[PDB]
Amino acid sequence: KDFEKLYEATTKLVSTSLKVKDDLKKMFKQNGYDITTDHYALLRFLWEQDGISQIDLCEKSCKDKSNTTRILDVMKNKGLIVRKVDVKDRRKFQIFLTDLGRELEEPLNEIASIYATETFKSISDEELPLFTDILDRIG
């Protein structure tokens, strides 16, 4: 409708995504926090709700089970989260924030806010839900 246009949209979608992820990461680094966008998204779920099951974070995350688990080990190794074997299943892992994990909410949210305002500055508030809804119908 027509392929050339469709391919161009797909490309822009995919550049933009990468640029977004990559600039937010840089901004966390510049302020001295060595974290990725993936780590931030995961931590956001936990700040809402601590003790999420790993499978539960599969679902919410996306990824494969391989990738998510590797991202979570990187996070544990930076001290943000710990991993417990569950009180309603040996099979399941529950995921808890450390103190470090809790502490970073204010500041990581602050940097993400600053990134967001600048990044979305040319776009109107009323364009968001259109954008969002077009993304939701893609696929």
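Residues carry their position along the shown sequence, with the first being 1.
On average, which has the higher Cα B-factor in the deposited entry, 88-96 or 42-50?
Comparing 88-96 with 42-50, the higher mean C-alpha B-factor belongs to 88-96.
**Prompt:** Going by the B-factors listed in the PDB entry, is the mean over the C-alpha atoms higher for 53-61 or for 104-112?
**Reply:** In the deposited entry, the stretch with the higher C-alpha B-factor mean is 53-61.
Quick one: classify residue 77 as lowest, middle or highest third of the chain based on its Cα B-factor.
Middle third.
Checklist entry - If you rank every modelled residue in this chain by C-alpha B factor, which third holds residue 36: lowest, middle or highest? => result Lowest third.
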